[PDB]
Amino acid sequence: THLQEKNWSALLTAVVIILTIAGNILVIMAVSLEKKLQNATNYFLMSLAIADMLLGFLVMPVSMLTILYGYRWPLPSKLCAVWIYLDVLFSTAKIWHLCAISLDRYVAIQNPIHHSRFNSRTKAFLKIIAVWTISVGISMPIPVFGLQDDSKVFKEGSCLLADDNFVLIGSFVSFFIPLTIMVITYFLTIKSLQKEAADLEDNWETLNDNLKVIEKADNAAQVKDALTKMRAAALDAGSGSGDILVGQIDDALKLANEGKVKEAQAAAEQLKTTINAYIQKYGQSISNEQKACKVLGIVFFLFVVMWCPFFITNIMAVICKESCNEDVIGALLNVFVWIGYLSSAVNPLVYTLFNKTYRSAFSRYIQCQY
């Protein structure tokens, strides 16, 4: 039966709604409770999850109500523009949250002391508020012109963004520009991390060369010279983390400055083991940045690929009003809108897959074990 089609569409819509709300609430709880997940990127991801939850709680159920009424808007006229504004607001906020994550992490890894433990919570919160304000500013044209003009938000009785200029400018400002920025920033990030690993290997090379020089030293002058080169290398290798290693090298360097050559050589001998350990630690930190980069790239790819069919079909239907068939186009737009909405529910599953802390948190939350 063809009414069974409406029943199935509404049912699958409800499935997507419940999945979105539940998963993003799980992400909210994970970021709100775990102190192991309290850096800037996780604050951005929790803001992202609340945005997706607001989308799945205020916008997607109204879309289900719309698809139940034969796509005829049953609510008051102003609520159509309000609902389109909220929809565009939350989706634009999501994509620009992703863009801000990419850019912020890139700018961070640019800073030569970005491995220090001192990160400010308030700065990340201010960035999140700035992104939400950007989203509100991008979405304001719909309330401005939509409440003034009933025709720009209504399309044959149906509550759709009918202005072609609005559609194209919103596709560019809200989807295409942040997508391109995301791609560029991601590839620049992989290049910067490669540079980081290369510099770390160079620091290790310097450390080994000067340890070997110290092992065969004769007088205090060359001991101090090799220890100075070692101190520079070790300070560079920490990427601002801040450890005992440079302090131990300074202890050996004091021994060298006093003229004690044998004791300085013994100190360098202990430093050899300490240096191997710390170098491996720094390499592991770089590898962790690489893994986080790839996971966030998976997130970006899933979101963009799931929203791409809708934007493709929408811009195409704006271009060809009669060249292309519009019944199949309307069916495609329905299906692709709901795929893009499914993108909002996909994220917590991805957090579960490639993150052990998120997965443990969710496994303990399903059983209510806090």
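Just count from 1 along the sequence shown to find any residue number.
Mean temperature factor over C-alpha atoms, higher-scoring stretch between 40-48 and 299-307: The stretch with the larger average C-alpha B-factor is 40-48.
117-125 set against 218-226, stretch whose average Cα temperature factor tops the other in the entry: Higher mean C-alpha B-factor in the PDB entry: 117-125.
Residue selected from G259, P178, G238, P76 by maximal Cα B factor: Comparing C-alpha B-factors across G259, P178, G238, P76, the top value belongs to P76.
Among modelled residues of the same chain, the CA temperature factor third for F145: CA B-factor rank for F145: highest third.
Third assignment of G283 from its chain's C-alpha B-factors: It belongs to the lowest third of the chain when residues are ordered by C-alpha B-factor.
For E156, the third of its chain into which the C-alpha B factor falls: For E156, whose C-alpha B-factor we compare with every modelled residue in the chain, the answer is the highest third.
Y71 - Cα temperature factor, lowest/middle/highest third of chain: Highest third, going by the recorded CA B-factors of the chain.
Third of the chain, ranked by Cα B-factor, where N165 sits: For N165, the deposited C-alpha B-factor lands in the highest third.
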